[PDB]
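K.L.:
How does the following fold in three dimensions:
(chains A, B and C)
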Amino acid sequence: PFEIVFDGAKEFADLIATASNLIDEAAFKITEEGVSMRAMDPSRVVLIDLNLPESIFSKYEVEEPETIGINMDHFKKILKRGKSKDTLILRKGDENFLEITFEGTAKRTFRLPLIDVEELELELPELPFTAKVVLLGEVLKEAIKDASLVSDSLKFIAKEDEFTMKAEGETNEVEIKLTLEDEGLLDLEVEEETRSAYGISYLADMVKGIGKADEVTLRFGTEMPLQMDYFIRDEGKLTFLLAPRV
Amino acid sequence: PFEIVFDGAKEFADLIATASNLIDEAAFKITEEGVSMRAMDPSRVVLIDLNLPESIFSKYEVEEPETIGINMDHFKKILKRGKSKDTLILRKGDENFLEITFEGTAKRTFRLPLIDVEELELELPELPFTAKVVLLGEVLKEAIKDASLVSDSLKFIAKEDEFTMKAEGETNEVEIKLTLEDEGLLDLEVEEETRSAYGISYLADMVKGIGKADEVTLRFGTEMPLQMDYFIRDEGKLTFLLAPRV
Amino acid sequence: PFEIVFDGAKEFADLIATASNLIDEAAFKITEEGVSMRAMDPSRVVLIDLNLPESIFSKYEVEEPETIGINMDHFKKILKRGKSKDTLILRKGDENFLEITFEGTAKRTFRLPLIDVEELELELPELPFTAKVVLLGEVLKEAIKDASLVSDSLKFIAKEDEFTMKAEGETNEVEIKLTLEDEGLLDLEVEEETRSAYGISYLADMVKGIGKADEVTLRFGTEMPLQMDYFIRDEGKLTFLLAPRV
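P.N.:
Numbering: from 1, shown residues only, chains lettered A, B, ... in the order given. What follows is the structure:
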């Protein structure tokens, strides 16, 4: 048993909705320090790490650390019914379902049966990112979108004072450039000229759920994975780790 | 002949659009006291009563009480072309069509042939409602919508200080609760604990055309019909009478 | 080579998008006085004339007058990615593609291969328009739309103090009337009572890309073509010449 409460059900729906983009099924670790979740897409190309500490919850009462299995699509169809000014209550009895409550103009309660989830325990090799990039969400989603007009894959090129996302076609070619003079670029650190490429289908599902002025941080290296971070209520962290196109 | 005028064509389109949800064909009684319409859905599960008195019309000139037949879909495709600041003019000559005019930035006139409509004359048995409920439209449409995630039918349960719309599934279950402490509940009177169930497909079409902050009144009894009211310009009344699931 | 710049990429996308409605392929004449384009729909029923003078461009640098061929759909899929506050740069090297750049939160560059376009040189017979009409875009698009409920074709009837767009059916009939008392009518000059008819499918594609409060001027004559003008930044001119239904 636990009772966990989040003010603004529509925001929380958005996290879940984002993770649901690549995840079908996930195991949620619920501790007193917080809630965490680690899953992979079906193709095992994307890793997802979600970390929701106590501090972003209005009431966090975990008596008996616990892991629960959740079908991510049925969870997101339910959360999508919560409205922006609703209070969300995730609560668990001695049974095997998640109580999901929206409290706003009314008390609306759903019961979502908890499932049995394959808890693969695997993690990380070398993480020698030689590049760090912070940009506005709308650049990144624009970039994924423009490149999709042209190609399968998008190449990330980080140099000097330049970050470049480039895609090329059989006649067309697109290229998005960000220098520190640009409004869309919040930060750029480059230990070494770095080139790498990623599947646009994957990138696209990663950034669907990303907001207007959201700040996203990318870390990557030459022909190695792409790490994409963005923060939730300043203390939540959603991380994607994307395999490169080789 | 008659000339009837309504300021705000888009509002009137909305009534008609709502009634059109369950009605294909209808007969409109046009008198000097007002306009009224009584029809049933094809399955004869829902009764619709619409009452539009003189007082909600800017000009109401009925010389020769008259009943006219209208195809409800062709009427609603036409009314859907009227814009919010348009003045609506429903006018009839000695011919067999309805003149529908929108007057705004321009005079736009449609002619809708009047049809021959089966005027079944039937009405009401016992109406021993042991429960009355007034709630915000957005609760009701949220409620119909959440339950549709789970089930065929939605059970209405009115007790003490509680109103409850509940649906259950084969694994999932949803429940919407309203007490007078709640913002969404405007009024609750319960002569006796009352339980009854309704088809969600029917409920859904009943509340599609219902507005944000609209106030809806429900009256029902145990295993008997559901009456749903809401008002139009404070003096119009649209009523649904819904057969229970038995 | 040339460099041409337009502040507000989304506006320019809208011109192009409008012309693209009837045009698949077009040749763009680029001179020092401005940019112009003349094309016809596949059915050779509509003529399109587009004129974009230097004065509507923030930077206009044409060294070597030049004509370029453009696939209109690939150009409009690209321009549709420019956002409202973007600066648009159309630039050309000694190669055979158009550089399309959006400069805003970032530098986004597309390369659109220039094509080979059938440059038919044909133009105009008698232009004895006996009627001139200026109206709000929302009337015209409403009018095309209401008539589509009823018929293949829309008849334009200009008299005294009256302009009338009328369509009739096999039971239904629609009629839109504009007199100088009306808000939607900005101007009306009638040398002679004028009647003519046009295909609604064509009209509809002509006015899709037309704005809320846009002012459109129609000139036509009895059973002769319809000329439709509207202006861009007060000095751009997009013209349609539509064959009548005979």
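K.L.:
so residue A:213, which of the three states?
P.N.:
Using DSSP: H, G, I helix; E, B strand; the rest coil, the structure places residue A:213 in coil.
K.L.:
Quickly note the distance from it to residue A:71.
P.N.:
Distance, residue A:213 to residue A:71, by C-beta to C-beta, to the nearest Å: 32 Å. C-beta coordinates here come from the backbone N, C-alpha and C atoms, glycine included.
K.L.:
Give me the more crowded residue out of these two.
P.N.:
Taking residue A:213 and residue A:71 together and counting by other C-beta atoms under 10 Å in any protein chain shown, residue A:71 has the greater number of neighbours (18 against 7).
K.L.:
ok, for the more buried one, nearest residue in space, not its chain neighbours?
P.N.:
Spatial nearest neighbour of residue A:71, chain neighbours left out: residue A:115 (5.4 Å); criterion: C-beta to C-beta, 6 or more residues apart in numbering or on different chains.
K.L.:
How many neighbouring residues does the one you found have?
P.N.:
With other C-beta under 10 Å as criterion, residue A:115 counts 17.
K.L.:
What of residue A:10?
P.N.:
Using other C-beta under 10 Å, the number of residues around residue A:10 comes to 17.
K.L.:
quick one: which helix or strand includes it?
P.N.:
Secondary structure assignment for residue A:10, by DSSP states H and E: helix A:9-20.
K.L.:
same question, residue A:195
P.N.:
strand A:194-199.
K.L.:
ok, residues contacting stretch A:59-77?
P.N.:
Residues external to stretch A:59-77 that are found in contact with it (C-beta atoms under 8 Å, 6 or more residues apart in numbering or on different chains): A:1-5, A:13, A:16-17, A:19-20, A:23-32, A:34, A:39, A:54, A:92, A:98, A:100, A:112, A:114-117, A:119, B:149, B:172.
K.L.:
just stretch A:187-205 next, same as before
P.N.:
Stretch A:187-205 has contacts (C-beta under 8 Å, 6+ apart) with A:21-22, A:41, A:45-46, A:130-134, A:144-145, A:147-148, A:151-161, A:163, A:167, A:178, A:180, A:217, A:220-224, A:226, A:242-245.
K.L.:
One more: stretch A:208-225?
P.N.:
A:14-15, A:17-18, A:21, A:126, A:128-138, A:140-141, A:156, A:158, A:186-187, A:192, A:194-196, A:207, A:226-231, A:241-244, A:246.
K.L.:
can you check stretch A:133-140 too?
P.N.:
A:158, A:163, A:176, A:178, A:183-188, A:207, A:210-219, A:230, C:105-106.
K.L.:
Quick one: buried ones out of those residues?
P.N.:
Buried subset of these (neighbour count, 16 or more other C-beta atoms under 10 Å in any protein chain shown): A:158, A:163, A:176, A:178, A:184-186, A:188, A:207, A:210-211, A:214, A:216-219, A:230, C:105-106.
K.L.:
show me the contacts for the closest residue to chain C within chain A.
P.N.:
Across chain A, no residue is closer to chain C than residue A:184, which sits at 3.7 Å (C-beta to the nearest C-beta). Neighbour list for residue A:184: A:135-136, A:138-139, A:178, C:105-106 [criterion: C-beta under 8 Å, 6+ apart].
K.L.:
Wait, a strand at residue A:204?
P.N.:
No. Note on residue A:204: no strand contains this position according to three-state DSSP, which reports helix.
K.L.:
number of nearby residues for it?
P.N.:
Using other C-beta under 10 Å, residue A:204 has 16 neighbouring residues.
K.L.:
residues in contact with the host helix or strand of residue A:241?
P.N.:
With secondary structure defined by DSSP H and E, residue A:241 is part of strand A:236-242. The contact list for strand A:236-242, computed with C-beta under 8 Å, 6+ apart, reads A:15, A:18-19, A:22, A:45-53, A:56, A:124, A:198-199, A:202-203, A:206, A:225-232.
K.L.:
Quick check: strands, which of those are part of them?
P.N.:
When strands are assigned by DSSP state E, the members of the contacts of strand A:236-242 inside them are A:46-53, A:198-199, A:226-232.
K.L.:
Show me how to select, in PyMOL, the buried members of these.
P.N.:
Here is the PyMOL command that picks out the buried ones among those, judged by 16+ other C-beta under 10 Å:
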select buried, chain A and resi 46+47+48+49+50+51+52+53+198+199+226+227+228+230+232
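K.L.:
Can you list the helices and strands that the helix or strand that contains residue A:26 packs against?
P.N.:
Assigned by DSSP H and E, residue A:26 falls within strand A:25-30. Applying 3 or more C-beta pairs under 8 Å, 6 or more residues apart in numbering or on different chains; DSSP states H and E, one finds that strand A:25-30 contacts strand A:34-40, strand A:66-71.
K.L.:
deepest of these, which one?
P.N.:
Among the helices and strands packed on strand A:25-30, the stretch with the highest mean neighbour count (mean count of other C-beta atoms under 10 Å in any protein chain shown) is strand A:34-40, at a mean of 20.
K.L.:
Distance from the chain centre to it, please.
P.N.:
A distance of 11 Å separates the C-alpha centroid of strand A:34-40 from that of its chain, computed with C-alpha atoms, centre = their mean, to the nearest Å.
K.L.:
what pairs with that strand, and is each one parallel or antiparallel?
P.N.:
Strand A:34-40 has the following sheet partners, assigned by DSSP bridges: strand A:25-30 (antiparallel), strand A:46-53 (antiparallel).
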